[PDB]
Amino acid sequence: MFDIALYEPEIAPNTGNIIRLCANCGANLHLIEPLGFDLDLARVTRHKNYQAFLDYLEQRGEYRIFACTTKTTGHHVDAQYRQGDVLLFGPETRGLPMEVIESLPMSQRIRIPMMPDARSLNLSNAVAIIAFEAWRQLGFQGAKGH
């Protein structure tokens, strides 16, 4: 239904959790280099840089990049997901650069609700939250017993 992309991921254990998460919801995982670690992987694709990631997507049919950012008023539930959507996340401590975020329509910028004075989410929990909202809107197509 959709894919997950990590921009320059930093913490290997998080990328480990996100690989398992991708198997549970049927997503393939895109890692945009450079990684903060050295690197089952049958659903994992590495891209040299953001532009190479875009060049790879153009050849593979319909897509939209939804960027996880605090720099928006729209939450992950307000977006309307479609087959081919890609859920993009920056490093846990830095988020995505402005040149990536500003390349996207305002409606493809999504923030996860949070209480005032809370710490950032663990990246893998943020992926799980957005991935399961996309999958909900797509009727959990592919789920066991469904």
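One rule holds for the numbers: they count along the sequence shown, beginning at 1.
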Quick check on the record: how many residues from the deposited sequence are absent from the model between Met114 and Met115 (none, 1 to 3, 4 to 9, 10 or more)? none
Between 40 to 48 and 103 to 111, which has the higher average C-alpha B-factor in the PDB entry? 40 to 48
Mean Cα B-factor comparison, 66 to 74 or 115 to 123, giving the higher one as deposited: 115 to 123
From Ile11, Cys25, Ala128, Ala134, residue of greatest CA B-factor: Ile11
Report the third (lowest, middle or highest) to which the CA temperature factor of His30 belongs, ranking only the modelled residues of the same chain. lowest
Third of the chain, ranked by Cα B-factor, where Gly61 sits: middle
Chain-wide C-alpha B factor ranking for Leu54, given as lowest, middle or highest third: middle
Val86, C-alpha B-factor rank within chain (lowest, middle or highest third): lowest
